[PDB]
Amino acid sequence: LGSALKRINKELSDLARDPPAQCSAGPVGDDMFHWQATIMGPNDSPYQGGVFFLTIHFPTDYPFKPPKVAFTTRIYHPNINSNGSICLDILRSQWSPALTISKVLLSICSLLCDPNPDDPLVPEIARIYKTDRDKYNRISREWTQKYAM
């Protein structure tokens, strides 16, 4: 089909003319279906100052199926586990074929600012986030300095 590859290449073109704020993404080599991304920790969060890397794999029928996206940088967050797995609706049940990697990245940045403790990958962290915000920020910043800086 080559249809997915066309869609992917255009997104890459747009990203070149309009680099998204605080993040970047592109092929990790010669295969347009395998990308890497980097997200800077939002300043409106305990992840501020951190650089977080992600891995991206587009399915052959992208964009009618969501891309597969995960963190490779360890992070302390209710919706992200130690495998870098991300609990985000648009990545699974709420995917739309109108979506782009640019939008996914901005969605994830938003997730970093405002975790969704009600749909946790790590209950222990969702807990702390709901009951003791200062404890959450404290540990979150420590991990950022330790692993993401």
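One rule holds for the numbers: they count along the sequence shown, beginning at 1.
According to the PDB record, 89-97 carries the higher mean C-alpha B-factor of the two stretches 89-97 and 49-57.
Comparing 28-36 with 104-112, the higher mean C-alpha B-factor in the PDB entry belongs to 28-36. Listed residues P66, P117, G84, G41 were ranked by CA B-factor as deposited; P117 comes out on top. Among the modelled residues of the chain, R133 sits in the middle third by CA temperature factor in this PDB entry. Placement of the Cα temperature factor of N9 within the chain: middle third of the modelled residues, per the deposited record. Compared with the other modelled residues of the chain, the Cα B-factor recorded for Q145 ranks in the middle third.
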